[PDB]
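Accompanying notes for the structure given below.
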Amino acid sequence: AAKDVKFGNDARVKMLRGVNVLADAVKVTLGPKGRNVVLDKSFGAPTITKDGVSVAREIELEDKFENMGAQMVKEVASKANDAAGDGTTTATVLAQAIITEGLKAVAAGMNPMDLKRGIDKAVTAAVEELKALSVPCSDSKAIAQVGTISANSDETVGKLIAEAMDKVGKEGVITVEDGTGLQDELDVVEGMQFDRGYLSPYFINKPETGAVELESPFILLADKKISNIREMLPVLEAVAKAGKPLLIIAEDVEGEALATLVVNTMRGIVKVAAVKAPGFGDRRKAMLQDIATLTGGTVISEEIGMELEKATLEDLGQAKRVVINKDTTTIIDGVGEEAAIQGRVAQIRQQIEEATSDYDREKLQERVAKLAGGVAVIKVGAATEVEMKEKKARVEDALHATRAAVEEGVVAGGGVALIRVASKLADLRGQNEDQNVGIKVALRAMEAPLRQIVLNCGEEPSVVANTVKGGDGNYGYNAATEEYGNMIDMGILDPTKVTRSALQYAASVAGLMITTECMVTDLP
Amino acid sequence: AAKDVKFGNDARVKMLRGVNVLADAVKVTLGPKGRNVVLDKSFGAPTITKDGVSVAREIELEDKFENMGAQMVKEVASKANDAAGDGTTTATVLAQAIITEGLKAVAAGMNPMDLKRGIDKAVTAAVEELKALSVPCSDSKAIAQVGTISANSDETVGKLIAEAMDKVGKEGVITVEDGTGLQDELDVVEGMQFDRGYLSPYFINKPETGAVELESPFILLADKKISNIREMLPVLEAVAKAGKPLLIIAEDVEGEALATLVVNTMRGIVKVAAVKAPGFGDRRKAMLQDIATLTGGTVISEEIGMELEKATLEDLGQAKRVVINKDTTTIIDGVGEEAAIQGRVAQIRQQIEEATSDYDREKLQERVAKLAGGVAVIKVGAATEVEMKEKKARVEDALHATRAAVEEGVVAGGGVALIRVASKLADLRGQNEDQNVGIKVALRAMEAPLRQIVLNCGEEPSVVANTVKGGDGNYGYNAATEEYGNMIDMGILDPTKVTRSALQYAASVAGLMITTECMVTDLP
Amino acid sequence: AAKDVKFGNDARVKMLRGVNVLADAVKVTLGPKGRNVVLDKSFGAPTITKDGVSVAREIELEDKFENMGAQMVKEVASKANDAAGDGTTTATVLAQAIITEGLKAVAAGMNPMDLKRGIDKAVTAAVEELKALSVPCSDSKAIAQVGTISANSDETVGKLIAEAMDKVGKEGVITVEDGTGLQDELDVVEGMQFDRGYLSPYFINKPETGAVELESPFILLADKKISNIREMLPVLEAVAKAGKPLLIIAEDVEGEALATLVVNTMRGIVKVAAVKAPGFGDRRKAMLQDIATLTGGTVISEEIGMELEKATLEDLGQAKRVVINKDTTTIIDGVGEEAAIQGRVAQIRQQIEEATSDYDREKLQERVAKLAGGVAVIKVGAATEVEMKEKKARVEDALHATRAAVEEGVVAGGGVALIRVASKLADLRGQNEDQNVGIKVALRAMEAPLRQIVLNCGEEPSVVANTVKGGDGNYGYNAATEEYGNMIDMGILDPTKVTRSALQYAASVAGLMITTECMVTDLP
Amino acid sequence: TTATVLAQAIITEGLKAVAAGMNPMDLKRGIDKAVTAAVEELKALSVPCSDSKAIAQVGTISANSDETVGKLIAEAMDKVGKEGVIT
Ligand SMILES: [Mg+2]
């Protein structure tokens with residue numbers, strides 16, 4: 001595939017045009033009263049949505065290079081959402097603002113590297129200002145308070161979120177399941193979650209979630225990389241007859257074994273998924289065993305002399321539910337014996353006391369938390385299935401905001417916090433004039449999300465922002481009610497973590513584009 | 001098919017245009033303050049990188065002839081990295097400068113052959129100047145000193161390099177393995193390295209490395225060329241059943257067996273790799289035997305009457321690790337008995353006594369080193385698996401730099417060494433008037449890497465080059481800190497070998513283009 | 001299909017353009033300081049060579065008719081290499097000069113038939129001059145002298161060539177084999193060479209050589225034309241288990257068996273080659289038998305009642321090496337017993353008494369020479385494979401030059417010999433005025449290779465040639481050292497046979513083009 | 001030629017200033033004020049040219065460093081006087 005190359009302004013201008021298309025389309029849906037965007041669907045009638053993430057997902061440009069601009073922003077914006085749960089659209093809005101003004105500066109004869117440096121300094125100062133601005137969240141009322149707000153002013157949802165965290169801790173693992181009964185249920189059951197993703201995007205049976213949900217699946221524990229389909233065949237045939245899904249944990253799965261399973265799973269016969277074993281080197285051997293004890297399974301080790309091909313249902317572990325997302329795997333309600341698992345914890349507790357290394361005490365302690373802490377599950381109850389499933393989405397959305405709020409506290413969510421920081425460091429400047437311009441670009445860019453909100457609502461952006469500038473603290477304008485006041489008090493806020501992640505990611509992508517002198521793509 | 005032919009000025013102009021595109025894109029990332037380059041992918045988003053090598057690999061031009069120019073530079077630049085481990089971007093930078101100014105000279109009516117000679121004379125003088133400029137690196141302090149710098153100021157990485165060399169030797173074999181735990185472990189285990197590449201690129205399971213890593217594979221030793229698939233089958237299925245990779249050492253493998261093994265390995269049945277036996281004639285027979293003793297394997301010889309088809313696992317040697325690169329084969333921790341291995345060494349030591357020829361004593365001595373010297377292995381410790389691969393990559397990069405530093409010492413790495421040498425031989429004149437022009441071209445061209453660094457840093461190339469010229473020795477400008485001083489003492493340097501190799505290759509390709517009178521290619 | 005036909009000048013002009021393209025691209029690489037050419041590959045990137053033959057192979061033209069001219073010259077030039085071993089580029093150079101001046105003459109309105117004939121007298125007279133100019137090579141000192149020069153100032157290469165001839169004889173059979181060790185080995189072993197080509201070009205396993213080399217292959221001796229694949233099966237299958245290549249000697253092989261074997265040998269199960277038997281009729285029966293005794297194999301005769309299907313391995317002769325080129329087959333180190341081989345010789349020596357004619361005595365004597373004389377072989381010794389194989393190529397070229405040198409002696413190789421002869425017969429005139437024109441065209445065409453040499457070097461051809469003409473005999477200009485004197489003494493010479501063959505082929509092809517009224521080809 | 005160069009540098013930098021968010025009318029005033037100050041400095045730097053050699057040097061420098069032109073002109077201006085006419 002032959003490549004087309006553009007330099008300097010020809011390159012940068014195309015990125016600007018590309019980013020603006022993505023940004024302009026996505027920006028309209030940011031506010032409470034945000035405007036809706038029509039997306040075509042290959043089969044059936046066209047889709048109408050107010051969600052920026054959905055719109056961002058659906059945008060790819062005709063012109064390569066312009067496409068690059070949009071996509072570069074999308075990758076980083078997606079990361080903000082993946083690390084914060086919200087602000088995907090906000091990051092893009094901020095990215096456009098920094099990028100559009102920053103590019104003018106490079107084309108004006110000013111040095112791009114200095115402009116980046118000025119912007120980064122502004123961003124660095126802004127992050128700390130956000131930290132001062134931020135209202136901490138630690139007590140149960142604050143947990144419930146943020147949870148109910150996120151949940152769309154439903155106090156019952158906030159209560160369960162706080163209760164879940166209270167039962168397993170702030171860092172504990174909380175999952176959501178369809179409710180069997182009308183009543184909301186919160187339960188503690190043996191289970192474990194670890195940072196391991198799925199080996200294939202093809203495996204996902206829940207496309208909105210992006211996660212794979214399996215029902216009472218068999219669990220295969222392995223201690224070797226799997227490159228050959230042959231080891232799986234006797235076990236593979238056995239699971240299909242059952243009709244139950246099979247989950248595999250091992251070092252890695254190579255394309256020969258994995259490709260057949262991928263093909264077999266997608267609209268095929270036996271639909272199963274495989275994930276990598278948690279931990280590394282020395283760490284994994286103990287952890288796989290922890291999972292084994294938890295699911296009542298048997299670990300298969302090449303070192304032992306036992307191979308996967310010589311295996312039956314007896315060796316496999318079991319759990320009622322398991323869900324696998326892009327980079328995380330969690331198991332729910334493992335079958336392992338209560339005495340076995342509790343005993344395992346006792347063995348580990350004894351292990352903690354050698355305390356030879358701080359790293360080892362903590363790491364052993366970490367093992368205790370995953371196994372002994374268990375997994376807290378929340379079933380969402382409702383009168384009708386339609387209401388029940390809808391409520392479940394809301395609970396999950398509140399949970400991401402609550403976790404972000406816990407880690408860093410909260411800030412005004414109308415884009416007000418960005419406004420608020422910009423007013424505070426207006427005086428800040430750099431020795432190089434180019435640096436001064438970079439600082440101004442970043443600060444001015446911060447204003448955009450507020451203005452975008454107001455613009456979407458059909459109100460004057462300049463008038464609203466000007467009055468907001470006049471105020472102090474968490475004071476701001478709420479788009480939904482057209483009334484000025486403390487945004488946190490009135491119910492509109494964003495986690496401190498999401499605002500920070502969006503703003504800095506936007507600056508990071510912006511800085512990269514500003515310094516770029518060349519882009520490469522294939523011919524039309 | 002029918003060919004499109006250009007010759008004389010027309011052929012040279014296209015090469016210039018082709019090389020400039022390649023060089024303009026790659027040159028922007030050379031400095032510590034490297035400019036970002038965005039490389040597109042057909043699916044979704046573009047990528048942003050400061051790595052010149054990744055940029056250069058990707059470049060292919062639609063316009064034939066121009067494409068040849070770019071490719072010609074890429075091949076020679078690639079050779080510099082292949083024989084030095086670094087300077088791929090630097091070679092290209094120097095190549096553009098030499099080629100552009102010299103090429104104009106040939107089109108100006110100047111004799112090309114003389115211009116080459118003038119350029120080469122300046123290049124040769126510069127190489128010796130580099131040798132004088134170069135600071136020796138023999139003691140452990142120097143070994144560690146260069147190793148930590150290359151490792152990007154990591155003192156511990158330098159320490160392991162120095163200690164490994166201290167044991168096995170400068171000429172010894174040092175390899176890097178993923179670490180078992182937090183500590184970095186260095187150990188010497190029985191093993192052997194020889195200069196033999198892999199028969200097929202398709203074999204590589206580590207795409208960034210360009211090498212094939214196998215875990216505790218069975219080893220097949222053969223005394224015949226393998227053109228037929230069929231002999232392999234009884235051993236081939238047996239190894240697959242065993243569940244481990246198979247490594248083959250023999251005279252050579254033909255496409256009849258090679259192509260099927262490739263097909264068999266890529267997304268298929270069993271993934272194994274094969275390499276050619278070390279030495280030739282008398283040497284291979286003794287050398288293969290040394291490997292057999294080392295891996296505890298059995299050699300199969302046509303001359304004896306033994307055949308591959310009749311062989312079993314017990315006839316195969318074993319090692320915990322084996323890695324195969326483009327031109328080198330090495331094995332780690334051979335299973336062969338200490339009594340057998342050490343006893344064989346005694347047999348070889350005894351052989352050395354005959355001293356019939358310097359050639360046999362030299363060669364026998366070489367056998368002793370490989371068989372008895374052993375292999376030094378370095379495990380890289382880390383708190384996380386991602387970090388562990390990260391630290392490991394850095395060690396490998398440092399190791400090439402240390403080996404290069406050992407072989408020829410080191411020079412200032414800011415492009416300063418090229419500057420320093422160019423200034424020293426300003427006076428030098430050729431025979432023909434045209435030759436004198438070539439000399440100026442070569443010397444002026446040398447300036448470019450420094451200027452490029454400064455250009456990438458947003459600083460004036462002419463002003464920095466001018467100040468550097470004024471100073472002497474290793475004195476120069478550090479782009480990263482915007483300061484002037486002794487570049488080696490400031491932690492910025494390049495191995496003498498990489499600087500020399502990049503400068504020599506740039507001149508070699510440049511001269512080559514200069515003397516090229518005709519280009520033939522397919523129509524568009 | 002409909003075809004494009006053009007007449008006279010229209011047909012001839014296209015041939016002229018075709019030959020000029022081929023000659024212009026090839027001629028630049030003729031000199032010692034020749035200019036390299038860049039050719040592109042489907043498989044990767046471009047490679048550069050100063051070798052005219054490689055350039056010629058890749059030259060094919062867009063315009064049918066022009067392509068034919070180039071191909072016609074390539075055809076004749078290739079033949080010169082085939083019958084001389086060198087001067088493929090020289091033949092092409094001479095062809096362009098003769099053709100351009102002569103072809104213009106036909107275009108003007110001069111008689112073509114006379115022009116060819118006029119050129120022929122020039123050529124015939126020049127060849128006689130070459131014979132007088134030519135220094136004979138008979139003694140060992142001359143043999144070694146030319147051999148070392150051809151090898152490129154390597155005394156050892158020439159010394160072995162002289163020694164090889166000194167053993168088996170000037171007309172004996174000398175072959176080249178890879179060296180098992182450091183020492184160069186020249187020795188004699190039973191073997192036979194005969195003039196027979198390979199049935200299919202597809203058979204060649206050595207594309208640079210254009211020949212098929214096999215390792216200790218089984219030899220099939222047959223007494224019938226082969227038309228049917230079925231007979232082959234029991235023996236073909238037999239060689240397959242053995243794993244060794246199979247060589248076939250028979251009257252001829254038809255497409256029915258030939259096509260399947262060709263497909264079988266390319267990307268197939270058994271890779272074998274087949275050639276026609278030496279001699280014919282009555283002579284053939286004895287000739288095949290001589291090979292049978294030599295190989296120790298059994299000849300299958302239809303007349304007897306023996307059939308190929310009824311054959312086994314014991315009926316197949318063996319030799320350590322066999323090599324087949326475009327029209328010659330030779331075997332090395334036949335396994336046949338010395339007692340039987342010598343005994344076979346005794347039968348032939350006894351036969352000579354029958355001699356009722358000189359032809360029969362001679363023909364029988366020739367048989368004695370092939371069998372009893374044997375084949376001498378050369379193993380090329382070197383420190384490493386790269387040097388060993390590289391050295392081997394040079395030895396083969398020196399060998400061809402020595403055979404050509406022995407058969408006709410040598411002439412100045414700077415193109416000087418053509419210059420010297422052209423100056424000598426300035427006076428010669430034809431009958432018709434048109435014939436006179438042809439003579440001048442041929443005599444000044446002779447100059448072209450010298451001038452081309454000087455042109456490549458970047459020196460003025462007109463100036464060099466004038467001074468060389470002023471001199472006498474072998475006196476001329478050495479392009480490599482920029483000096484004047486005896487070219488032969490200096491180290492630059494061409495075999496008389498190659499110079500003559502190049503010149504005669506150039507004139508032969510030229511005359512055919514001069515006399516070619518019409519051209520017919522496929523549509524574009 | 002020199003005047004044109006000044007226009008080139010003034011406008012290139014001035015436009016850059018315009019792109020910097022500055023009021024052009026003010027930029028013009030700044031330029032005009034700087035020029036007024038520069039002229040006075042020029043007035044101070046200027047040294048009277050009264051000798052033949054200096055006049056020759058200006059003629060020679062103007063004539064692209066041609067000595068004969070300066071020599072010929074210096075002789076002329078001296079001979080004709082201050083109000084004399086040279087063509
Ligand atoms: Mg003037």
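We name chains A, B, ... following the order of the structure tokens; residues begin at 1 in each chain, and ligands are numbered from 1 as shown.
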Can you check which residues of region 202-405 of chain A DSSP gives as alpha helix (DSSP H) on the backbone and send them as a ChimeraX atom specification? /A:229-242,255-265,282-295,338-352,358-373,385-405
File dump, residues just selected, C-alpha atoms, as a compact mmCIF listing (two decimals), in the first residue's frame:
# COMPACT_ATOMS: atom_id res chain seq x y z
CA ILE A 229 -6.38 -26.39 19.04
CA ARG A 230 -5.67 -30.08 19.79
CA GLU A 231 -5.37 -29.65 23.59
CA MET A 232 -8.87 -28.08 23.64
CA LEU A 233 -10.71 -30.61 21.43
CA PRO A 234 -11.61 -33.28 24.11
CA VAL A 235 -12.67 -30.54 26.60
CA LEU A 236 -14.23 -28.40 23.84
CA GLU A 237 -16.61 -31.08 22.61
CA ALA A 238 -17.59 -31.94 26.21
CA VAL A 239 -18.74 -28.37 27.06
CA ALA A 240 -20.91 -27.97 23.91
CA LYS A 241 -23.05 -30.99 24.75
CA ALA A 242 -23.78 -29.37 28.15
CA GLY A 255 -3.72 -17.49 16.67
CA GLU A 256 -3.96 -21.17 15.66
CA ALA A 257 -6.06 -22.14 18.70
CA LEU A 258 -7.65 -18.73 19.16
CA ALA A 259 -8.70 -18.22 15.51
CA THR A 260 -10.67 -21.46 15.36
CA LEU A 261 -12.36 -20.61 18.64
CA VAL A 262 -13.14 -17.10 17.33
CA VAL A 263 -14.67 -18.55 14.18
CA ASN A 264 -16.44 -21.24 16.20
CA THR A 265 -17.89 -18.66 18.68
CA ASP A 282 6.21 -15.71 40.33
CA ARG A 283 2.95 -13.87 41.03
CA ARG A 284 0.75 -15.79 38.59
CA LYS A 285 1.38 -19.25 40.06
CA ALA A 286 -0.04 -18.29 43.44
CA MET A 287 -2.92 -16.26 41.93
CA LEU A 288 -4.13 -18.93 39.49
CA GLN A 289 -4.33 -21.22 42.52
CA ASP A 290 -6.37 -18.54 44.36
CA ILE A 291 -8.83 -18.60 41.47
CA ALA A 292 -8.78 -22.41 41.53
CA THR A 293 -9.62 -22.52 45.22
CA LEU A 294 -12.35 -19.92 44.62
CA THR A 295 -14.02 -21.74 41.70
CA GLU A 338 -16.25 -22.24 51.97
CA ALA A 339 -13.71 -24.06 54.16
CA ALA A 340 -11.28 -24.41 51.23
CA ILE A 341 -11.41 -20.71 50.31
CA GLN A 342 -11.45 -19.42 53.89
CA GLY A 343 -8.63 -21.82 54.72
CA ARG A 344 -6.70 -20.50 51.72
CA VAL A 345 -7.05 -17.02 53.23
CA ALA A 346 -5.70 -18.37 56.54
CA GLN A 347 -2.65 -19.76 54.70
CA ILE A 348 -2.13 -16.34 53.10
CA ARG A 349 -2.58 -14.48 56.42
CA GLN A 350 0.27 -16.61 57.84
CA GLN A 351 2.27 -15.61 54.72
CA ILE A 352 1.74 -11.91 55.47
CA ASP A 358 7.29 -4.19 51.76
CA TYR A 359 6.46 -5.16 48.19
CA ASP A 360 5.82 -8.77 49.29
CA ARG A 361 3.62 -7.91 52.32
CA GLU A 362 1.47 -5.66 50.18
CA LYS A 363 1.38 -8.05 47.27
CA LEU A 364 0.33 -10.96 49.53
CA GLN A 365 -2.17 -8.57 51.12
CA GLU A 366 -3.52 -7.80 47.64
CA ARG A 367 -4.15 -11.53 47.17
CA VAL A 368 -6.06 -11.55 50.47
CA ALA A 369 -8.26 -8.70 49.31
CA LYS A 370 -9.24 -10.30 45.99
CA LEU A 371 -10.02 -13.73 47.51
CA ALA A 372 -11.28 -12.85 51.03
CA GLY A 373 -12.88 -9.54 50.06
CA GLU A 385 -38.56 -5.71 32.52
CA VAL A 386 -38.44 -2.50 30.50
CA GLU A 387 -38.06 -0.35 33.64
CA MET A 388 -35.72 -2.94 35.25
CA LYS A 389 -33.16 -3.02 32.47
CA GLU A 390 -33.26 0.78 32.05
CA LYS A 391 -32.68 1.23 35.82
CA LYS A 392 -29.70 -1.14 35.63
CA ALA A 393 -27.95 1.11 33.09
CA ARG A 394 -28.47 4.09 35.44
CA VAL A 395 -26.99 2.20 38.40
CA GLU A 396 -23.87 1.35 36.39
CA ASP A 397 -23.48 4.99 35.21
CA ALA A 398 -23.75 6.26 38.79
CA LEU A 399 -21.17 3.71 39.94
CA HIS A 400 -18.45 4.97 37.53
CA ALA A 401 -19.06 8.54 38.68
CA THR A 402 -18.99 7.48 42.33
CA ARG A 403 -15.62 5.73 41.88
CA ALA A 404 -14.16 8.79 40.18
CA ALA A 405 -15.66 11.02 42.87
Using DSSP on the backbone coordinates, identify all residues within region 32-216 of chain A classified as strand (DSSP E or B); present the result as a PyMOL selection string. chain A and resi 37-39+47-49+135+173-178+185-189+191-194+198+206+211-215
Would you mind exporting N, CA, C and O atoms of the selected residues as a JSON list (two decimals), in the first residue's frame?
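part.json, written as the output of this step:
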[["chain", "number", "residue", "atom", "x", "y", "z"],
["A", 37, "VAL", "N", -28.43, 14.00, 17.26],
["A", 37, "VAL", "CA", -27.72, 13.70, 16.00],
["A", 37, "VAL", "C", -28.23, 12.41, 15.34],
["A", 37, "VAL", "O", -28.34, 11.37, 16.00],
["A", 38, "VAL", "N", -28.55, 12.47, 14.05],
["A", 38, "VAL", "CA", -29.09, 11.30, 13.34],
["A", 38, "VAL", "C", -27.98, 10.45, 12.70],
["A", 38, "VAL", "O", -27.22, 10.92, 11.86],
["A", 39, "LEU", "N", -27.90, 9.18, 13.10],
["A", 39, "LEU", "CA", -26.90, 8.26, 12.56],
["A", 39, "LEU", "C", -27.60, 7.15, 11.76],
["A", 39, "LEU", "O", -28.53, 6.52, 12.26],
["A", 47, "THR", "N", -31.02, 5.90, 13.19],
["A", 47, "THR", "CA", -30.92, 6.12, 14.64],
["A", 47, "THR", "C", -30.80, 7.60, 15.03],
["A", 47, "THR", "O", -30.11, 8.37, 14.39],
["A", 48, "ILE", "N", -31.49, 7.98, 16.10],
["A", 48, "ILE", "CA", -31.44, 9.35, 16.61],
["A", 48, "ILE", "C", -30.90, 9.34, 18.05],
["A", 48, "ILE", "O", -31.50, 8.71, 18.92],
["A", 49, "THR", "N", -29.78, 10.01, 18.31],
["A", 49, "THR", "CA", -29.22, 9.99, 19.67],
["A", 49, "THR", "C", -28.59, 11.31, 20.15],
["A", 49, "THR", "O", -28.08, 12.11, 19.38],
["A", 135, "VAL", "N", -14.38, 19.20, 45.93],
["A", 135, "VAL", "CA", -14.98, 18.89, 47.21],
["A", 135, "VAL", "C", -14.81, 17.39, 47.47],
["A", 135, "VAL", "O", -15.32, 16.58, 46.69],
["A", 173, "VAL", "N", -15.08, -4.84, 44.72],
["A", 173, "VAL", "CA", -15.63, -5.14, 43.40],
["A", 173, "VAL", "C", -17.14, -5.31, 43.48],
["A", 173, "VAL", "O", -17.66, -6.16, 44.19],
["A", 174, "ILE", "N", -17.81, -4.46, 42.72],
["A", 174, "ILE", "CA", -19.27, -4.42, 42.69],
["A", 174, "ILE", "C", -19.80, -4.71, 41.28],
["A", 174, "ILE", "O", -19.36, -4.11, 40.30],
["A", 175, "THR", "N", -20.74, -5.64, 41.18],
["A", 175, "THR", "CA", -21.32, -6.00, 39.88],
["A", 175, "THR", "C", -22.83, -5.86, 39.87],
["A", 175, "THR", "O", -23.47, -5.86, 40.92],
["A", 176, "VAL", "N", -23.41, -5.73, 38.69],
["A", 176, "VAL", "CA", -24.85, -5.56, 38.55],
["A", 176, "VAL", "C", -25.48, -6.69, 37.73],
["A", 176, "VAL", "O", -25.02, -7.02, 36.64],
["A", 177, "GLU", "N", -26.54, -7.27, 38.28],
["A", 177, "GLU", "CA", -27.24, -8.39, 37.67],
["A", 177, "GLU", "C", -28.73, -8.09, 37.53],
["A", 177, "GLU", "O", -29.27, -7.27, 38.27],
["A", 178, "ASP", "N", -29.40, -8.72, 36.56],
["A", 178, "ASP", "CA", -30.84, -8.52, 36.40],
["A", 178, "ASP", "C", -31.56, -8.96, 37.68],
["A", 178, "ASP", "O", -31.21, -9.99, 38.27],
["A", 185, "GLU", "N", -31.53, -6.00, 45.37],
["A", 185, "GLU", "CA", -30.75, -6.89, 46.22],
["A", 185, "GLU", "C", -29.24, -6.63, 46.15],
["A", 185, "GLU", "O", -28.67, -6.52, 45.07],
["A", 186, "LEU", "N", -28.62, -6.56, 47.32],
["A", 186, "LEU", "CA", -27.18, -6.41, 47.41],
["A", 186, "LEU", "C", -26.66, -7.62, 48.18],
["A", 186, "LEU", "O", -27.04, -7.84, 49.33],
["A", 187, "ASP", "N", -25.81, -8.40, 47.55],
["A", 187, "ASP", "CA", -25.30, -9.62, 48.18],
["A", 187, "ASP", "C", -23.79, -9.76, 48.10],
["A", 187, "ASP", "O", -23.15, -9.28, 47.16],
["A", 188, "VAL", "N", -23.22, -10.42, 49.09],
["A", 188, "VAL", "CA", -21.79, -10.68, 49.11],
["A", 188, "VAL", "C", -21.59, -12.18, 48.89],
["A", 188, "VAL", "O", -22.09, -13.02, 49.64],
["A", 189, "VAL", "N", -20.84, -12.50, 47.85],
["A", 189, "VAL", "CA", -20.59, -13.88, 47.47],
["A", 189, "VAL", "C", -19.15, -14.06, 47.03],
["A", 189, "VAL", "O", -18.53, -13.11, 46.54],
["A", 191, "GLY", "N", -16.02, -14.52, 44.97],
["A", 191, "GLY", "CA", -15.75, -14.22, 43.57],
["A", 191, "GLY", "C", -14.50, -13.37, 43.43],
["A", 191, "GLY", "O", -13.97, -12.90, 44.43],
["A", 192, "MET", "N", -14.01, -13.18, 42.22],
["A", 192, "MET", "CA", -12.79, -12.39, 42.03],
["A", 192, "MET", "C", -12.75, -11.60, 40.72],
["A", 192, "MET", "O", -13.24, -12.06, 39.68],
["A", 193, "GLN", "N", -12.19, -10.40, 40.78],
["A", 193, "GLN", "CA", -11.99, -9.58, 39.59],
["A", 193, "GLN", "C", -10.52, -9.20, 39.44],
["A", 193, "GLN", "O", -9.85, -8.88, 40.41],
["A", 194, "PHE", "N", -10.02, -9.25, 38.22],
["A", 194, "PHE", "CA", -8.62, -8.92, 37.94],
["A", 194, "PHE", "C", -8.46, -8.19, 36.61],
["A", 194, "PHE", "O", -9.33, -8.26, 35.74],
["A", 198, "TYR", "N", -10.30, -9.55, 27.26],
["A", 198, "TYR", "CA", -10.61, -10.69, 26.40],
["A", 198, "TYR", "C", -9.61, -10.75, 25.26],
["A", 198, "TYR", "O", -9.06, -9.73, 24.85],
["A", 206, "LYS", "N", -22.61, -8.88, 24.24],
["A", 206, "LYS", "CA", -23.34, -7.68, 24.69],
["A", 206, "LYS", "C", -22.70, -6.43, 24.06],
["A", 206, "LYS", "O", -21.92, -5.74, 24.72],
["A", 211, "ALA", "N", -18.76, -5.85, 26.93],
["A", 211, "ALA", "CA", -18.36, -6.91, 27.84],
["A", 211, "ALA", "C", -19.00, -8.24, 27.46],
["A", 211, "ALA", "O", -20.02, -8.28, 26.77],
["A", 212, "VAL", "N", -18.43, -9.33, 27.94],
["A", 212, "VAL", "CA", -18.96, -10.64, 27.64],
["A", 212, "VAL", "C", -19.57, -11.24, 28.89],
["A", 212, "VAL", "O", -18.89, -11.43, 29.89],
["A", 213, "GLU", "N", -20.86, -11.53, 28.82],
["A", 213, "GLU", "CA", -21.57, -12.12, 29.95],
["A", 213, "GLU", "C", -21.81, -13.60, 29.70],
["A", 213, "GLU", "O", -22.40, -13.99, 28.69],
["A", 214, "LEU", "N", -21.35, -14.42, 30.61],
["A", 214, "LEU", "CA", -21.50, -15.87, 30.48],
["A", 214, "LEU", "C", -22.32, -16.43, 31.65],
["A", 214, "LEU", "O", -22.17, -15.98, 32.79],
["A", 215, "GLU", "N", -23.17, -17.41, 31.38],
["A", 215, "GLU", "CA", -24.04, -17.99, 32.42],
["A", 215, "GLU", "C", -23.51, -19.32, 32.97],
["A", 215, "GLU", "O", -23.40, -20.30, 32.23]]
So which residues are near ligand 1, meaning at most 8 Å away with only C-alpha atoms and all ligand atoms counted, given back as an MDAnalysis selection string? chainID D and resid 1 61:64
Exercise answer, chain B residues close to chain C, 9 Å and only C-alpha atoms, as an MDAnalysis selection string: chainID B and resid 1:5 7 64:65 67:69 71:72 75 111:114 227:228 255:256 279:283 359 512:513 515:523
Within 9 Å of residue 15 (chain D), counting only C-alpha atoms, which residues qualify if same-chain residues fewer than 5 places away don't, as a PDB file with C-alpha atoms, in the first residue's frame?
ATOM      1  CA  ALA A 108       1.551  32.640  12.736  1.00  0.00           C
TER       2      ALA A 108
ATOM      3  CA  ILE D  10       8.543  45.312   8.352  1.00  0.00           C
ATOM      4  CA  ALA D  20      -0.839  37.803  17.381  1.00  0.00           C
ATOM      5  CA  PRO D  24      -3.121  47.078  13.469  1.00  0.00           C
TER       6      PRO D  24
END
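Residues in contact with region 52-58 of chain D at 8 Å, where only C-alpha atoms are counted and same-chain residues fewer than 6 positions away are skipped, are listed as residues 67, 69, 70, 71, 72, 73, 74, 75 and 78 of chain D.
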